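Participant: Supplied in structure tokens, the structure appears directly below.
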Amino acid sequence: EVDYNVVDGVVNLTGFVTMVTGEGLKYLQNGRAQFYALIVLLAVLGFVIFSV
Amino acid sequence: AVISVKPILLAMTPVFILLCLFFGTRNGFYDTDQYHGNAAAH
Amino acid sequence: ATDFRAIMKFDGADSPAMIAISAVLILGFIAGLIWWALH
Amino acid sequence: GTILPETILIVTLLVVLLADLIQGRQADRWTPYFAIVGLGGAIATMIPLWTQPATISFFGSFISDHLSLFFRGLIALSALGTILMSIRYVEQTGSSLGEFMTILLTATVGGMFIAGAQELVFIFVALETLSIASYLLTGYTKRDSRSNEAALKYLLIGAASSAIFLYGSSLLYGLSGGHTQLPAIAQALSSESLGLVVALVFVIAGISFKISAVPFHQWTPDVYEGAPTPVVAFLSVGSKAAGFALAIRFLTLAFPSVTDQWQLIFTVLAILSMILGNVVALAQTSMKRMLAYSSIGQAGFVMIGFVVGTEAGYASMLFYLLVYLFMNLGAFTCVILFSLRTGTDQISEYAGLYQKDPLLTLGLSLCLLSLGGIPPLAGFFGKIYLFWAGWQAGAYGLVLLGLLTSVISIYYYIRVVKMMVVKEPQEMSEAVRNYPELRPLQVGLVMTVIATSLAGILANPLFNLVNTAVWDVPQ
Amino acid sequence: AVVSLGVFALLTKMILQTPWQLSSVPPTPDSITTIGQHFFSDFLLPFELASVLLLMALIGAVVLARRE
Amino acid sequence: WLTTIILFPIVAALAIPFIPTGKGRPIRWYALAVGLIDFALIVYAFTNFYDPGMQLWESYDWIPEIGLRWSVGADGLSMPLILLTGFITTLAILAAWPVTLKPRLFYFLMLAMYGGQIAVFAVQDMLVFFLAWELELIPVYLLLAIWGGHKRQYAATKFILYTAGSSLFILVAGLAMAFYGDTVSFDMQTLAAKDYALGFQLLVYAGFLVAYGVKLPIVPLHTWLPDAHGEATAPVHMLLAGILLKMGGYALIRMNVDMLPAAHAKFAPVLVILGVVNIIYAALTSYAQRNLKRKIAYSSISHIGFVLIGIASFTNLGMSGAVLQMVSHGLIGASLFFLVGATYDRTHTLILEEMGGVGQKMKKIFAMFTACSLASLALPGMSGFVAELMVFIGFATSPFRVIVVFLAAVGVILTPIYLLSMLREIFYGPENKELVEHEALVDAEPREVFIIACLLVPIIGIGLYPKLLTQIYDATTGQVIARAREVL
Ligand SMILES: CC1=C(/C=C/C(C)=C/C=C\C(C)=C\C=C\C=C(C)\C=C\C=C(C)\C=C\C2=C(C)CCCC2(C)C)C(C)(C)CCC1
């Protein structure tokens, strides 16, 4: 049972994590052009702050 | 002294090939006597 | 789990607590031995 | 002066007019053929001026070194494949054909111009030809609401990004006195500054919209679902190749070869692109949406490709992009050939296809597998050469990260093969029960699959090609 | 607002920091003959190519707003 | 020769799609003829194989722009395993006669992973090594996911994921050793003759280890194995368990004892304690497991600990014990899993308590299975014991090596526990009632008996006079261990 739970579950949890990450990151994509208008030019202007 | 595998292999492998092709024909259970399956394990 | 139903019928072995205090012993065993081995 | 570097472009331009005139007189003609003929004649005209003469400039507004030859031929092949696909796909819908190929060739001419340009005005005009043609083709089938919505959103976003690019180009004209060139621009200002960095970042914003990098990506998924499929097949390959040619020929040559912070910015964008596309395509059900996020991740692989400039990272980008052309066009040919017959639907409806149409299964399987980096297949060699180059320079996190995201992307690339192969006749979907079983599409699919399945081991003839191409870029 | 405002300040911080090259020479009045010369000396490709741009835009809008 | 050996099965496999049929019969004869001809090429190129180094290497140049060269090379350390794959994959094909479900794809993928298994040994370029290591993924994925098992979804997915994400540091490591200095080597020999600093020897080593310890599954890097070797038919399994684990062991030897010896000397105790952990862990998990196949998979996991110990020793004997164990288990586990597949085919059941006394009517598989089971454990007169004995002797002759021997010899007691309990549960006792009404399979058609007899002749010929298998690599292993002791 240590093999099937404490060893197996730990690595299957890797698939679970990189699955739920995809399930929860798509909400960044929301179907709004104005949200792109935000995270296009505000997506940058951080890249100027740690630049000069 | 010491014995070498080279002539042993050269003498065995033709017999292996011939018997392999022969016993390929000899068959049974898998053909019709039973075994509706298809060699998949489901 | 539910698949292991044979003469292997120990009840208090599938609980998460017992699994935890078993994995503790096994991991500590291999760890004591890897420390014994390096040093 | 010196219209010889221009011949190809105007040659294609000629047929644009022709494919409208025959389409204005007859209204039902054989225009799908001889567009292939002129594109082949263009790619044939490329060889006499590849290396036999030396590099030359038109008037300083246009240079035709080997790099421009590469990108022009690449975009031409993309247009050719997209035509061969779209002939009987757009005819299946109640829409014309002449204006379609007119606009497609126009985008092609724009992207074949922008790969050899070194002047701000001409960069902008060619960029806008390609952009506006894409805005149209995204919405060419206005019977559906989603097509028109995608065309609207893509048009508005691209107009804003282009205006940002145009502001930055204005600044870069401002700074160094006059100079609207590019070799003279990064010639009178040669030091770090605030305004040079602002111009840099705005041009990055303008380019990332083209090459689909994140966070500049939000158009790709929605547009690739909504838009016509063969339009997307040209869009990804050609717009990316134009974008990367623009990136090199601007950032390296006209812009500056001094303020090399853009390398850091492309590392950031590539990291995010790998982590986003290959992870979020893993949670999808449609093919076109999946291919969109795939394309994002593949762009990330390329972006670590050319962030390490040592005369091999650039070459690796070029080869991997040549290879992604074949791979992605093959995948789109297969999804076209599936969506035509009966299906017209998403991933889950591919199940049980190996019994009905094995040819399509071979095609799409090999293409999807090559995209994930499977042995002998061209995408594998492209990815390992990217890793070789980007590791040679000293980027260690990027290589491990891209390897890992390829290992993640194999999952959703193999879901499709689980459907098409593993699923047994007890698990077919309703679409495949009644599957029946055009010519130019089949020959294109074969010409594509044999390439992506054989152009990985036959690689020296087209590594010599690329390393001959990339002597020219500064570094 | 804040995003937009930041950009303005950022741009302003450039506009007042960089040493522009004022180039004290009287400009030229004939700003139409010169553009004619530039359409056929320097910037000829954009002329010839904006031609087909306008063609393609007409072909597009004519077949995207058509009522059918 | 090696290039013909590798490309003829693959090239001849591309003919199968346009090859006549009425139901699916003439494919398997073609595949078997290809396998037999290629094995003949092995043993005929083994005549001109003198017995220290690469006794034949045929280099070429594909990509000079990187350093990629088609550098095939045989060796004392790699020729036994080439013979082994050429023999055992042929016998897998000679075991897969009843495959009716998609036989074209079967005998295409089987021939593809017949060059994908000889290549990993007959390759000396570190990029082509990665290529051949990688090209086992899709064929094995389809071999598991289409035919074989109910949990084959999770099994195949977990397989390809782990053997991709841990087929990951092999390339990174080959690179990391390729550009330490001013030469773009990409070659085993030229890259083993380089002076690597300890600061990254033991980092590139762990990079190799995360790869060579999942395919040669060590402590937790095994959980793919029960699922991928449980949900798998027999002839698939013969390859998956008889060659690929040996691929891991071979590459471990050749990339971590000729090429990072200074870190090997510092990490070897880890391999040793890991090996005895592997033995005891796998044996307990096998005696606990009840199904039928997962049991024998954990038995393989148990038997790999002798390899870990023999490589993590430093004398000239433990290495030979490791290689002998490898050639032994490749011959033993193959017959075991073949008989398990046959027993499932006759019973349509795996679970132990759900059947008993089947050896009253099905009394031909019982003898063959008893013999292979006696061969699993360290029985004398066979190669399974010579390996164990040589490992014990060579290691002790070198962690204060008196406790680890005491723990590794527990397997001597602990293997027959689950093996003989399995025999008792399956074949001994009174026949089941009508609960087993599957008509006990007509006892092993001669065609199965030939498979296991030809797997059971070499094992005894080894166990009686083991030098037959040790004449191959007394020179190469001698040079390797002389190097690895010259460092220390
Ligand atoms: C091929 C090969 C090989 C081999 C070689 C050698 C090593 C040989 C030897 C050989 C010898 C030196 C011989 C011996 C003989 C013996 C015999 C002949 C015996 C046994 C057999 C039999 C008799 C069996 C039978 C049976 C069965 C089948 C079942 C169970 C029961 C019994 C056991 C009865 C190797 C490994 C390298 C590798 C691979 C390939």
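By order of appearance in the structure tokens: chains A, B, ..., then residues from 1 within every chain, and ligands from 1 in the order shown.
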List all protein, DNA and RNA residues that have at least one atom no more than 8 Å from any atom of ligand 1, counting only C-alpha atoms and all ligand atoms, and write them as a ChimeraX atom specification.

Facilitator: /B:5,8-9,12-13 /F:80-81,83-88,327,367-372,449-450,452-454,456-462,464-466,468-469

Participant: Given a cut-off of 9 Å, which residues of chain C touch chain A, counting only C-alpha atoms, written out as a PyMOL selection string?

Facilitator: chain C and resi 1+13-14+16+19-20+22-23+26

Participant: Those same residues - N, CA and C atoms - I'd like them written as a PDB file, in the first residue's frame.

Facilitator:
ATOM      1  N   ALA C   1      -5.846  -1.832  -1.499  1.00  0.00           N
ATOM      2  CA  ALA C   1      -7.107  -1.376  -2.069  1.00  0.00           C
ATOM      3  C   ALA C   1      -8.111  -2.526  -2.121  1.00  0.00           C
ATOM      4  N   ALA C  13      -4.413  -2.169   7.316  1.00  0.00           N
ATOM      5  CA  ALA C  13      -3.255  -1.920   6.471  1.00  0.00           C
ATOM      6  C   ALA C  13      -3.534  -0.985   5.303  1.00  0.00           C
ATOM      7  N   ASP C  14      -4.801  -0.736   4.969  1.00  0.00           N
ATOM      8  CA  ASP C  14      -5.170   0.156   3.879  1.00  0.00           C
ATOM      9  C   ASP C  14      -5.480   1.573   4.349  1.00  0.00           C
ATOM     10  N   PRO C  16      -5.071   5.380   5.653  1.00  0.00           N
ATOM     11  CA  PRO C  16      -3.985   6.323   5.338  1.00  0.00           C
ATOM     12  C   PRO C  16      -2.996   6.500   6.476  1.00  0.00           C
ATOM     13  N   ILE C  19      -0.575   3.509   6.443  1.00  0.00           N
ATOM     14  CA  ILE C  19       0.276   3.680   5.270  1.00  0.00           C
ATOM     15  C   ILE C  19       1.330   4.744   5.539  1.00  0.00           C
ATOM     16  N   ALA C  20       0.950   5.809   6.246  1.00  0.00           N
ATOM     17  CA  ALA C  20       1.902   6.870   6.550  1.00  0.00           C
ATOM     18  C   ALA C  20       2.993   6.379   7.493  1.00  0.00           C
ATOM     19  N   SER C  22       3.940   3.423   7.958  1.00  0.00           N
ATOM     20  CA  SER C  22       4.750   2.414   7.284  1.00  0.00           C
ATOM     21  C   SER C  22       5.766   3.041   6.337  1.00  0.00           C
ATOM     22  N   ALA C  23       5.320   4.008   5.530  1.00  0.00           N
ATOM     23  CA  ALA C  23       6.234   4.714   4.643  1.00  0.00           C
ATOM     24  C   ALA C  23       7.301   5.452   5.430  1.00  0.00           C
ATOM     25  N   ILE C  26       9.928   2.818   6.120  1.00  0.00           N
ATOM     26  CA  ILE C  26      10.657   2.372   4.932  1.00  0.00           C
ATOM     27  C   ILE C  26      11.604   3.467   4.439  1.00  0.00           C
TER      28      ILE C  26
END

Participant: Using only C-alpha atoms and a distance of at most 7 Å, pull out the residues of chain A that contact chain D, as a ChimeraX atom specification.

Facilitator: /A:22-23,25-26,29,33,36,39-40,43,52

Participant: Where does DSSP see helix (DSSP H, G or I) in segment 11-247 of chain D, if you list the residues as a PyMOL selection string?

Facilitator: chain D and resi 11-25+32-46+66-90+98-114+120-138+145-174+185-188+194-211+219-226+229-247

Participant: Please list as a PyMOL selection string every residue within 10 Å of segment 24-35 of chain B, counting only C-alpha atoms and excluding residues in the same chain fewer than 3 positions away.

Facilitator: (chain B and resi 18-21+38-39) or (chain F and resi 28-29+32+94-95+97-99+345-348+438-448+450)

Participant: Determine the nearest neighbour of chain B from the options F:30, F:406, F:141, F:298, counting only C-alpha atoms.

Facilitator: F:30

Participant: As a PyMOL selection string, please: the residues near residue 115 of chain D (cut-off 10 Å, only C-alpha atoms, same-chain neighbours under 6 positions excluded).

Facilitator: chain D and resi 62-65+67-72+75+123+126+241-249

Participant: If we count only C-alpha atoms, which residues of chain C reach to within 8 Å of chain F? Please list them as a list in words.

Facilitator: residues 4, 6, 8, 30, 33, 34, 36, 37 and 38 of chain C

Participant: Would you mind reading off the distance between atom CA of residue 472 of chain D and atom CA of residue 63 of chain F, one decimal, in Å?

Facilitator: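 Pair atom CA of residue 472 of chain D / atom CA of residue 63 of chain F returns 21.8 Å.
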
Participant: With distances taken over only C-alpha atoms, which of D:438, D:315, D:253, D:360 is nearest to chain F?

Facilitator: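 Of all the options, D:315 lies closest to chain F.
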
Participant: Quick one, how far is atom CA of residue 423 of chain D from atom CA of residue 348 of chain D?

Facilitator: 10.4 Å

Participant: Would you list which chain E residues are within 12 Å of chain D using only C-alpha atoms, as a PyMOL selection string?

Facilitator: chain E and resi 7-8+10-23+38-68

Participant: Produce a file of the selected residues containing C-alpha atoms, as a PDB file, in the first residue's frame.

Facilitator:
ATOM      1  CA  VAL E   7       2.192  55.379 -20.870  1.00  0.00           C
ATOM      2  CA  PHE E   8       1.790  59.132 -21.206  1.00  0.00           C
ATOM      3  CA  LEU E  10       6.541  57.190 -19.648  1.00  0.00           C
ATOM      4  CA  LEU E  11       6.461  58.785 -23.084  1.00  0.00           C
ATOM      5  CA  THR E  12       6.800  62.220 -21.528  1.00  0.00           C
ATOM      6  CA  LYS E  13       9.833  61.015 -19.581  1.00  0.00           C
ATOM      7  CA  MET E  14      11.389  60.177 -22.937  1.00  0.00           C
ATOM      8  CA  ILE E  15      10.357  63.344 -24.744  1.00  0.00           C
ATOM      9  CA  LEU E  16      12.032  65.587 -22.154  1.00  0.00           C
ATOM     10  CA  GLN E  17      15.134  63.423 -21.539  1.00  0.00           C
ATOM     11  CA  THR E  18      16.524  62.748 -25.016  1.00  0.00           C
ATOM     12  CA  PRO E  19      18.737  65.329 -26.824  1.00  0.00           C
ATOM     13  CA  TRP E  20      16.941  65.906 -30.130  1.00  0.00           C
ATOM     14  CA  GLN E  21      18.896  67.204 -33.139  1.00  0.00           C
ATOM     15  CA  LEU E  22      17.113  70.453 -33.926  1.00  0.00           C
ATOM     16  CA  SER E  23      18.949  70.934 -37.261  1.00  0.00           C
ATOM     17  CA  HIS E  38      10.250  60.482 -53.593  1.00  0.00           C
ATOM     18  CA  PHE E  39       7.387  58.387 -54.975  1.00  0.00           C
ATOM     19  CA  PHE E  40       9.670  57.518 -57.926  1.00  0.00           C
ATOM     20  CA  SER E  41      13.196  57.684 -56.432  1.00  0.00           C
ATOM     21  CA  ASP E  42      13.145  56.333 -52.862  1.00  0.00           C
ATOM     22  CA  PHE E  43       9.666  55.135 -51.859  1.00  0.00           C
ATOM     23  CA  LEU E  44       8.515  53.514 -55.094  1.00  0.00           C
ATOM     24  CA  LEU E  45       7.771  50.023 -53.783  1.00  0.00           C
ATOM     25  CA  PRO E  46       5.151  51.382 -51.331  1.00  0.00           C
ATOM     26  CA  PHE E  47       3.505  53.291 -54.200  1.00  0.00           C
ATOM     27  CA  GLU E  48       3.374  50.238 -56.475  1.00  0.00           C
ATOM     28  CA  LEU E  49       2.292  47.983 -53.588  1.00  0.00           C
ATOM     29  CA  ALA E  50      -0.317  50.232 -51.982  1.00  0.00           C
ATOM     30  CA  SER E  51      -1.885  49.997 -55.429  1.00  0.00           C
ATOM     31  CA  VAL E  52      -2.668  46.313 -54.898  1.00  0.00           C
ATOM     32  CA  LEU E  53      -3.452  47.047 -51.240  1.00  0.00           C
ATOM     33  CA  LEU E  54      -6.306  49.297 -52.349  1.00  0.00           C
ATOM     34  CA  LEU E  55      -7.421  46.738 -54.932  1.00  0.00           C
ATOM     35  CA  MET E  56      -7.528  43.998 -52.292  1.00  0.00           C
ATOM     36  CA  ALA E  57      -9.352  46.213 -49.791  1.00  0.00           C
ATOM     37  CA  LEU E  58     -12.013  47.038 -52.372  1.00  0.00           C
ATOM     38  CA  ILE E  59     -12.370  43.348 -53.272  1.00  0.00           C
ATOM     39  CA  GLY E  60     -12.707  42.550 -49.577  1.00  0.00           C
ATOM     40  CA  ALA E  61     -15.204  45.139 -48.421  1.00  0.00           C
ATOM     41  CA  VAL E  62     -17.290  44.635 -51.569  1.00  0.00           C
ATOM     42  CA  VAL E  63     -17.664  40.916 -50.716  1.00  0.00           C
ATOM     43  CA  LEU E  64     -17.960  41.220 -46.900  1.00  0.00           C
ATOM     44  CA  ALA E  65     -20.781  43.793 -46.757  1.00  0.00           C
ATOM     45  CA  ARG E  66     -22.663  42.409 -49.774  1.00  0.00           C
ATOM     46  CA  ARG E  67     -26.261  41.529 -48.926  1.00  0.00           C
ATOM     47  CA  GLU E  68     -26.793  37.825 -49.642  1.00  0.00           C
TER      48      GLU E  68
END

Participant: Extract, using only C-alpha atoms, all DNA, RNA and protein residues at most 6 Å from residue 122 of chain F, discarding same-chain residues fewer than 6 positions from it, and format them as a list in words.

Facilitator: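 Non-adjacent residues within range: residues 72, 73 and 74 of chain F.
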
Participant: May I have the selected residues written with N, CA and C atoms, as a PDB file, in the first residue's frame?

Facilitator:
ATOM      1  N   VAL F  72      27.942   2.931 -35.912  1.00  0.00           N
ATOM      2  CA  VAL F  72      27.604   1.620 -35.377  1.00  0.00           C
ATOM      3  C   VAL F  72      28.864   0.986 -34.818  1.00  0.00           C
ATOM      4  N   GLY F  73      28.705   0.200 -33.762  1.00  0.00           N
ATOM      5  CA  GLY F  73      29.813  -0.571 -33.252  1.00  0.00           C
ATOM      6  C   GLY F  73      29.384  -1.743 -32.402  1.00  0.00           C
ATOM      7  N   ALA F  74      29.870  -2.931 -32.751  1.00  0.00           N
ATOM      8  CA  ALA F  74      29.726  -4.086 -31.887  1.00  0.00           C
ATOM      9  C   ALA F  74      30.817  -4.061 -30.825  1.00  0.00           C
TER      10      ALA F  74
END

Participant: Using only C-alpha atoms, find which residues of chain F lie within 7 Å of chain D and jot them down as a VMD selection string.

Facilitator: chain F and resid 62 to 63 131 134 to 135 145 to 146 161 164 to 165

Participant: Given the choices A:42, A:20, A:11, A:49, which gets closest to chain E if the distance is worked out from only C-alpha atoms?

Facilitator: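 The closest residue to chain E is A:42.
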
Participant: So what do you get for atom CA of residue 284 of chain F versus atom CA of residue 309 of chain F, distance-wise?

Facilitator: 19.1 Å

Participant: Here is a test: counting only C-alpha atoms, which residue of F:7, F:405, F:225, F:19 is nearest to chain A?

Facilitator: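 So, comparing all the options, the nearest one is F:225.
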